[PDB]
Amino acid sequence: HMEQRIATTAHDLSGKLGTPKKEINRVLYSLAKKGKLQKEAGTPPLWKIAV
Amino acid sequence: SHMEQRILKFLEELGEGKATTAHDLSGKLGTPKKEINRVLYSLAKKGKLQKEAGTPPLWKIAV
Amino acid sequence: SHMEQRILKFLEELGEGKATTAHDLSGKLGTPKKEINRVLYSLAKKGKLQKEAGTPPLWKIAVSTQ
Amino acid sequence: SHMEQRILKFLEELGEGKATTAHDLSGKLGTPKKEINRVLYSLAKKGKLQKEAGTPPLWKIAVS
DNA sequence: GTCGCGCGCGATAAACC
DNA sequence: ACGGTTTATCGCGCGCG
C-alpha cells in the first residue's frame, strides 16, 4: 500500500511519511523501473514524476 | 518493449488463464532463454506478469 | 562443506527463539558471504535448514511440518 | 593498495582498447569479485577507467 | 550519509535427449 | 579409442562500508 501513497529526495519522503528510508528507496526504484518516476542526479538523488 | 509484446501476446493468445515456461517461450519464439528470462522477470517487477515459484517457474498475465 | 557444519552448529546454538541473516553469518564466522549463502541454499535444499523469504532472507533450523 | 596497480596492469597487458568483465578479473587474478568491483568502480571515479554499459559491465582503460 | 541489494550462479552437479 | 548440451528460482546489473 506504500506505493499507492507516493522533486524531492527519499530522505525527505522518509521523514514526511514516517517510513524507513530503505523502504522508500525500494518503492522509488521500483516505480522508476515501472517508468512512472524519473531520478535526477544528486547526493542524495532527487525524485520527480514523469508525465 | 518489442520483445515484451511478443511475450505478452503469446501468453494472451495461449488461452485466457494458462501459463507457460521460459523454455517454452524460448522455443516458440526462437530466442535464447537468457533474453526471455530478462524480459519475464522485468515484466514481473513492472506488475505485467504473475510468477508461480517452481522448477521451472510458470508465467501468466498479471492484473 | 566443512563450513556447513559450522553454520548449523552456530544456528543450533540459541536456536529456540529467533533466526539470523547471511550477512550476520559472514561476520560471525569470518567467511565471505559468497560461501555462506551457497552453503545455506544447499543446506535448505537438503532439509537441514529452512529459508524464510525476506530482505534480507532469514535462516533457521528446519521445523518439521509433519 | 597494489590491487589498483595490477588491475590496470591486466587491462594494459590485454591490448589496445580491449575490455573485460569483473568476473574475468576475479578468476585470472585469483581475487574475490567483491574486492574487484569496489576497485573498478573506484578507478572509474578517479577517471582512470571507463565503463561500457552492459550486462555484465565491461571495463576498459580510459580514453579520456 | 550516494545504497535500491533480494545474489547463492559454477572452479557445475545434475539432468536431459 | 569420446555423451554434447542444457538446466538450476539461473533472472545477476551488485561495488554497499
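Since every read-out is calculated from the coordinates, none of them should be taken as a lab result. All Cβ positions, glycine included, derive from the backbone under ideal geometry; neighbour counts span all protein chains shown.
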Item checked: Subset of region C:8-66 [within 16 Å of DNA strand F (Cβ to nearest atom), basic (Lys, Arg) and farther than 29 Å from A:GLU23 by Cα] -> C:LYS45, C:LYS46, C:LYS48
Check: Within region D:41-60, which residues are in contact with a strand residue (DSSP E or B) (Cβ under 7 Å, 6 or more places away or on another chain) and closer than 23 Å to B:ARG38 by Cβ?
Finding: D:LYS51, D:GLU52, D:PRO56, D:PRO57, D:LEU58, D:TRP59
Check: Applying the selection to region A:13-51, what residues are more than 11 Å from the chain's Cα centre (by Cα) and among the β-branched types (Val, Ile, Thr)?
Finding: A:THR19, A:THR43, A:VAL51
Item checked: For B:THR55: the one exception among (1) farther than 30 Å from A:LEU28 by Cβ; (2) within 11 Å of the chain's Cα centre (by Cα) -> (2)
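So which helices (runs of 4 or more DSSP H) are wholly in chain B and hold at least 2 residues that are more than 14 Å from chain A (Cβ to nearest Cβ), within 16 Å of DNA strand E (Cβ to nearest atom) and among the basic types (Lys, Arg)?
Numbers: elements: B:2-13, B:22-29, B:33-46.
Filter on chain B gives B:33-46.
For region A:16-30, state whether one or more residues are under 29 Å from B:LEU49 (Cα atoms), in contact with a strand residue (DSSP E or B) (Cβ under 7 Å, 6 or more places away or on another chain) and not small (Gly, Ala, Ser).
Start the filter on region A:16-30 by keeping residues that are under 29 Å from B:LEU49 (Cα atoms), which leaves A:19-30.
Those left that are additionally in contact with a strand residue (DSSP E or B) (Cβ under 7 Å, 6 or more places away or on another chain): A:28.
Then keep just the ones that are not small (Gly, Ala, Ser); that gives A:28.
Scanning region A:16-30, I find at least one residue that is under 29 Å from B:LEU49 (Cα atoms), in contact with a strand residue (DSSP E or B) (Cβ under 7 Å, 6 or more places away or on another chain) and not small (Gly, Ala, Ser), so the answer is yes.
Out of everything in region B:20-40 that is small (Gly, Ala, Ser) and surrounded by 15 or more Cβ atoms within 10 Å (Cβ to Cβ), what residue ends up being nearest to A:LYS34 (Cα to Cα)?
Within region B:20-40, the first condition is being small (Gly, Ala, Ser), and the residues that meet it are B:22, B:26-27, B:30.
Subsequent filtering for residues that are surrounded by 15 or more Cβ atoms within 10 Å (Cβ to Cβ) retains B:22, B:26.
Numbers: B:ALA22: 22, B:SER26: 24 Å.
The residue in question is B:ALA22.
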